[PDB]
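Report on the structure given below.
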Amino acid sequence: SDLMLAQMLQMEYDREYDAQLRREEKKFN
Amino acid sequence: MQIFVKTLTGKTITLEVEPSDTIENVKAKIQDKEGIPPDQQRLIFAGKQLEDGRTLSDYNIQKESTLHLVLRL
Amino acid sequence: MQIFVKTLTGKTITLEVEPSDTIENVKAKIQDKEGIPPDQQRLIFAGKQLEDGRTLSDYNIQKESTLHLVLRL
């Protein structure tokens, strides 16, 4: 369904956001 | 026409839009309905992300269609 | 039978499959058609995610069915 796809795309979107946060926590410290 | 937009949290919002209305018009309607900024919202139709320049008729969005709303930071 | 797969870019891919064909065969066909690996591809149809151990007949996939393909990073 479209809701399932929305939740999945939000899942990898949040994973990309968390990897960005990983890079942030890498070079601020 | 009446359309439904579902978010990732299961919340469904009903809006009144036309086939000639653009995706930016749907973003403005969602901003009026909830307060989410249009730049922080991503719209998906039939598994494909809708372009802001494209309209509902260009994305083959009919009455009672289910759009997907994704939040952005 | 003929089936349709919708990507995130709006492109529709037509595939020749059978009801007894598994989702692994569909993933292999998608890899042969577009180059997307089966491990990074997810098929969504009729409210449920396709499982590799299931077939098209188990998911009640008929002729001219429209599924959606999601690409993992």
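Methodologically, a virtual Cβ is constructed for each residue, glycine included, from the backbone with ideal geometry; neighbour enumeration extends over all protein chains shown. Just so you know, all these numbers are worked out from the coordinates, no wet-lab data involved.
Can you spot a residue in segment C:20-28 that is surrounded by 13 or more Cβ atoms within 10 Å (Cβ to Cβ) and within 14 Å of chain B (Cβ to nearest Cβ)?
No, the conditions are met nowhere in segment C:20-28.
Please work out which one of (1) exposed (fewer than 13 other Cβ atoms within 10 Å of the Cβ); (2) in contact (Cβ under 8 Å) with a residue 24 or more places away in the chain; (3) within 14 Å of chain C (Cβ to nearest Cβ) is the condition residue B:39 fails and give its number.
Answer for residue B:39: the failing condition is (3).
In segment C:12-32, which residues are closer than 18 Å to residue B:47 by Cβ, part of a helix (DSSP H, G or I) and out of contact with any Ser or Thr (no Cβ under 9 Å at 6 or more places or on another chain)?
If the condition is that a residue be closer than 18 Å to residue B:47 by Cβ, part of a helix (DSSP H, G or I) and out of contact with any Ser or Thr (no Cβ under 9 Å at 6 or more places or on another chain), then C:26, C:27, C:29, C:30 are the ones that fit.
Looking at (1) farther than 26 Å from residue A:16 by Cβ; (2) within 10 Å of the chain's Cα centre (by Cα); (3) not in a helix (DSSP H, G or I), which one does residue C:58 not meet, given that it meets all the others?
(2) is the only condition that residue C:58 fails.
For residue B:15, indicate whether it is within 14 Å of another protein chain (Cβ to nearest Cβ) and either of a type in the set (D, E, K, R) or touching a helix residue (DSSP H, G or I) at 6+ places or on another chain (Cβ under 9 Å) (or both).
no
Taking segment B:42-59 as the search range and keeping residues that are in contact with a strand residue (DSSP E or B) (Cβ under 8 Å, 6 or more places away or on another chain) and among the polar types (S, T, N, Q), which one is farthest from the other protein chains (Cβ to nearest Cβ)?
This residue is B:55.
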